[PDB]
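S.K.: Next up is a structure, given as structure tokens.
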Amino acid sequence: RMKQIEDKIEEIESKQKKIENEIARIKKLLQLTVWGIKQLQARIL
Amino acid sequence: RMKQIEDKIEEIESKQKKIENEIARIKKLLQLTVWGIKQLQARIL
Amino acid sequence: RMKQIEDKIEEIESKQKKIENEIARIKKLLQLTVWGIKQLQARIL
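Laid out in structure tokens, this is it:
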């Protein structure tokens with residue numbers, strides 16, 4: 243029974259790491275879009 | 243004590259689903275903005 | 243084994259709060275990018 247709980251915790255932790263990885267990728271892409279908007283507006287203005 | 247562990251695990255799993263859902267929605271909108279920036283670069287510049 | 247479980251649960255909860263705070267920040271900046279793309283389109287095209 244202790245292992246069943248421990249396995250659950252492992253699964254959650256693993257899922258949390260994947261989520262953290264996803265959020266980092268999202269932040270990078272979001273920063274790219276910020277840069278692209280900045281670049282577009284710069285070339286015009 | 244075991245009750246608290248079981249309850250907290252359920253809360254964590256629910257919050258994780260909430261987070262995954264928020265991430266899904268963020269990703270779709272981010273893909274839209276990437277597309278819009280691409281269109282503006284071409285159509286303006 | 244119960245203490246170990248409880249410590250990991252606390253760690254997971256702390257991380258979930260951090261993640262929720264990251265998502266809040268991402269959402270705000272993403273809303274600004276949506277507005278900026280809208281603005282460039284409106285002003286020029």
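Chains as they are written, first to last, in our numbering: chain G, 243 to 287; chain X, 243 to 287; chain W, 243 to 287.
Here a beta-carbon is modelled for each residue, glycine too, at the ideal position from N, C-alpha and C.
#1: Could you check what DSSP says for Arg267 of chain G in three-state terms: helix, strand or coil?
#2: What do you get for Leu274 of chain G, buried or exposed, if any count of 16 or more other CB atoms within 10 angstroms of its CB means buried?
#3: Taking all protein chains shown into account, do 16 or more other C-beta atoms lie within 10 angstroms of the C-beta of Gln246 of chain W, making it buried, or fewer, making it exposed?
#4: Which of the three DSSP states, helix, strand or coil, is assigned to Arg243 of chain G?
#5: Are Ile286 of chain X and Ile286 of chain W touching if we call contact CB-CB under 8 Å?
#6: Nearest-angstrom Cα distance between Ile261 of chain X and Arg243 of chain X?
#7: Since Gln258 of chain X and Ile254 of chain G should fall inside the 8 Å C-beta cutoff, what is the C-beta to C-beta distance between them, to a whole number of angstroms?
#8: Please look up how many angstroms separate the CB atoms of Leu272 of chain X and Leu272 of chain W, rounded, as I've assumed it's under 8 Å.
#9: Measure from the C-beta of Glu264 of chain G to each C-beta in chain X and report whether the shortest distance is under 8 Å.
M.R.: Short version:
#1: helix
#2: exposed
#3: exposed
#4: coil
#5: yes
#6: 27 Å
#7: 7 Å
#8: 7 Å
#9: yes
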